[PDB]
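Worksheet: the structure to be examined is printed underneath.
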Ligand SMILES: [Zn+2]
Ligand SMILES: [Zn+2]
Ligand SMILES: [Zn+2]
Ligand SMILES: [Zn+2]
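In the entry's author numbering, the protein residues as written are 79 to 180.
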């Protein structure tokens, strides 16, 4: 995976900022954000989600079907947000807006 060629619209600074926030919420340090870690992240950002809501959020970008977010799927959230590809009521749009990145 090459984030610079996959997401050339992201500055190096934004990529580093997104890596930092991925690592912040991967509490278990396994390289993924699972449902429980996303639950905690959404609470901390000020947009708590239901259990099924969190599952729907992950499913939107879960390209390898494992029910958790890899770093490349996390970046995809922000790519979709900036490209106008998330619905106005998606928990993913709340995640991107309330992350206070950019
Ligand atoms: Zn994890
Ligand atoms: Zn749950
Ligand atoms: Zn469940
Ligand atoms: Zn996944």
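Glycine included, each C-beta is placed from N, C-alpha and C at the ideal position.
Spatial distance of residue 121 from residue 99 (CA atoms) | Translated into the one-based positions of the chain shown, residue 121 becomes position 43. Translated into the one-based positions of the chain shown, residue 99 becomes position 21. For residue 121 and residue 99, the distance between alpha carbons rounds to 15 Å.
Please confirm whether any heavy atom of ligand 3 lies closer than 8 Å to the CB of residue 129.
-> As a position in the chain shown, residue 129 is number 51, starting the count at 1. Checking the Cβ of residue 129 against ligand 3 gives yes.
Would the beta-carbon of residue 171 be found less than 8 Å away from any heavy atom of ligand 3?
-> Position 93 of the chain shown, counting from 1, holds the residue named residue 171. No, Cβ of residue 171 sits at least 8 Å from all heavy atoms of ligand 3.
For residue 152, which residues of its own chain have a beta-carbon under 6 Å away from its beta-carbon, when the five flanking residues on both sides are left out?
-> For this step, residue 152 is matched to residue 74 along the chain shown. Same-chain partners within the cutoff: 100.
Check each candidate in 148, 159, 178 and name the one with the smallest Cα separation from residue 87.
-> Here the question's residue 87 lines up with position 9 in the chain shown. That would be 159, whose Cα lies nearest to the Cα of residue 87.
Cβ atoms of residue 148 and residue 109: under 9 Å apart, would you say?
-> If you number the chain shown from 1, residue 109 lands on position 31. If you number the chain shown from 1, residue 148 lands on position 70. Closer than 9 Å, so yes.
Under the rule that 16 or more other beta-carbon atoms within 10 Å means buried, what is residue 127, buried or exposed?
-> Position 49 of the chain shown, counted from the start, is the residue given in the question as residue 127. Result: buried.
Would you mind listing the alpha helix (DSSP H) stretches within the stretch 111-171 that are 4+ residues and don't spill past its ends, in chain order?
-> 113-123, 129-139, 149-160
Relative to ligand 4, is the shortest distance from any of its heavy atoms to the C-beta of residue 109 smaller than 8 Å?
-> Mapped onto the chain shown, residue 109 falls at position 31. It does not: the Cβ of residue 109 is nowhere closer than 8 Å to a heavy atom of ligand 4.
Within the present structure, is the beta-carbon of residue 114 separated from the nearest heavy atom of ligand 2 by less than 8 Å?
-> Taking the chain shown and counting its residues from 1, the one referred to as residue 114 is at position 36. Yes, Cβ of residue 114 sits closer than 8 Å to a heavy atom of ligand 2.
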